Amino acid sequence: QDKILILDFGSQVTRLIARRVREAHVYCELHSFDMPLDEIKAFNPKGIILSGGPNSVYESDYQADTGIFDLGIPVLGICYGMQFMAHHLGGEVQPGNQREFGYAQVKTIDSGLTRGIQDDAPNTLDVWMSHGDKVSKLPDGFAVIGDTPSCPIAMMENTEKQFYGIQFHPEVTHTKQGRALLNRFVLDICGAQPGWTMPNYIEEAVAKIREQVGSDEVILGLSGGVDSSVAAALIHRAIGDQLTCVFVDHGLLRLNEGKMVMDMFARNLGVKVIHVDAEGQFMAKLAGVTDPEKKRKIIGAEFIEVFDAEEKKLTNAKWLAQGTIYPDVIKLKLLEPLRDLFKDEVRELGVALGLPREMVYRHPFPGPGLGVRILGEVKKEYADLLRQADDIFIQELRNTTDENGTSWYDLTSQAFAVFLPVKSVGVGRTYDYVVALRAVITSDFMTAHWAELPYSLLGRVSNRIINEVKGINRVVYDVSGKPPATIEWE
């Protein structure tokens, strides 16, 4: 594999650089700016990207080894990375407020990085611009390739060395052409082969697991979440009957979730799956508990208890497999085959392995499950009502499409129903509980706006829940964004 090295100078969006590079189907790794030169050479990158950061290159210990400029490979500096590049290659940096950002229009001239990349007019880019420290004097052998009125050296290039610096963040989508610029650097300037695909990954990952495990037996907890499911499919493909999975239904899962897990793993693949039905045990622990924080502690601790007792019975096991993914890393031995992947790659890998898309491309589901979607006291009675209401909502999201043919399920990051233990009047007079519909679209920055679901979709979901679910006669839609609200109600 051709690989890109990303050096982290502390910016809050540095991971997005890695996501963009992976989205171009090129392998890459995120390392701190002070990675020793020996490890960099051993990594043998096809190119290096220097991220932004909150510090100032003239007064900071945030200095990478300047030997990176002698490796003979292209280097791209972003904001602080550009300032670092300028500070150490004979240029000058003028101080500003490194916390300030905003929109700007950059004009470019023709270069390897800029040719054929444009927004509404040739050689014009609308960017998410850093208004802080800026390059005030070109380093040696460099040219200006992009400028704005307030930032005369907004983009610079050393053609001989293929060094590039930009004063804006191409990894945030607010820079419309940022992806195109990063692709141009990685695919064309560095010449990195876009071979990092999940079908290409399976055989290498399967071989690494076999070398690691041999004939040993492996246990893996199946939460119902995607990561552990994909870990299961991958490890089973590697070692077959050496894997045992444990699935715990704590009674707080969506409708039919236990059946769907058992069908895709035990029935379809022949994976050995220990199925624990713990609904009654969890409901007993939640009885009379209204505090949401206590509810979260109880459910999490009880789940560990049920899983730990199943682990003890699998006495000839030597590995605990886990669905640890790359954002997590940025007596039983740990087996974590997804450590090098982001969530989107994990999803593609699950489909590649043959898992049903319905189980692999689903909205994330909280650990405490419906426990934080039933306000106040959790009871089987309420969980059963909620599963029906939730399922109707999701059915309609899956079957209603926008103008491009994309379903509203796929357009939203998270969608679910919430059970409110208050009663409303309805029509013969009725007096039943209230359901809230929640649907959000999350950004890259831990915020989320509520989805502008079509009115007819909301109306149809409302009609169906009220008529089809005995016990619910009122439906509301959450119109609180994050911030100031949270996505979950508890």
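Quick note: we count residues from 1 along the sequence shown, nothing fancier.
Q: Going by the record, give me the number of deposited-sequence residues missing between residue 274 and residue 275 as none, 1 to 3, 4 to 9, or 10 or more.
A: Count of unmodelled residues in between: none.
Q: Which class fits the unmodelled deposited stretch between residue 427 and residue 428: none, 1 to 3, 4 to 9, or 10 or more?
A: In the record, 1 to 3 residues between residue 427 and residue 428 lack coordinates.
Q: Would you tell me which stretch averages the higher CA B-factor in the PDB entry, 163 to 171 or 317 to 325?
A: Higher of the two, by average CA B-factor, is 317 to 325.
Q: Would you determine, from the values in the PDB entry, which of 124 to 132 and 183 to 191 has the greater average C-alpha temperature factor?
A: According to the PDB entry, the answer is 124 to 132.
Q: Per the PDB entry, which option out of 420, 231, 93, 156 has the greatest Cα B factor?
A: Answer, based on the entry's C-alpha B-factors: 93.
Q: Which is it among 366, 224, 354, 77: the one with the largest CA B-factor in the entry?
A: Within the set 366, 224, 354, 77, 224 shows the top C-alpha B-factor.
Q: Ranked by Cα temperature factor within the chain, is residue 56 in the lowest third, the middle third or the highest third?
A: Within its chain, residue 56 is a highest-third residue by C-alpha B-factor, going by the deposited values.
Q: Which third of the chain does residue 342 land in by C-alpha B-factor: lowest, middle or highest?
A: Its C-alpha B-factor belongs to the lowest third of this chain's values.
Q: Can you work out whether the C-alpha temperature factor of residue 463 puts it in the lowest, middle or highest third of the chain?
A: Its C-alpha B-factor, which the entry lists for residue 463, ranks in the highest third among residues of this chain.
Q: Please rank the C-alpha B-factors of the chain's modelled residues and tell me whether residue 211 sits in the lowest, middle or highest third.
A: Its C-alpha B-factor belongs to the highest third of this chain's values.
Q: Going by the recorded CA B-factors, say which third of the chain residue 400 sits in, lowest, middle or highest.
A: Middle third.
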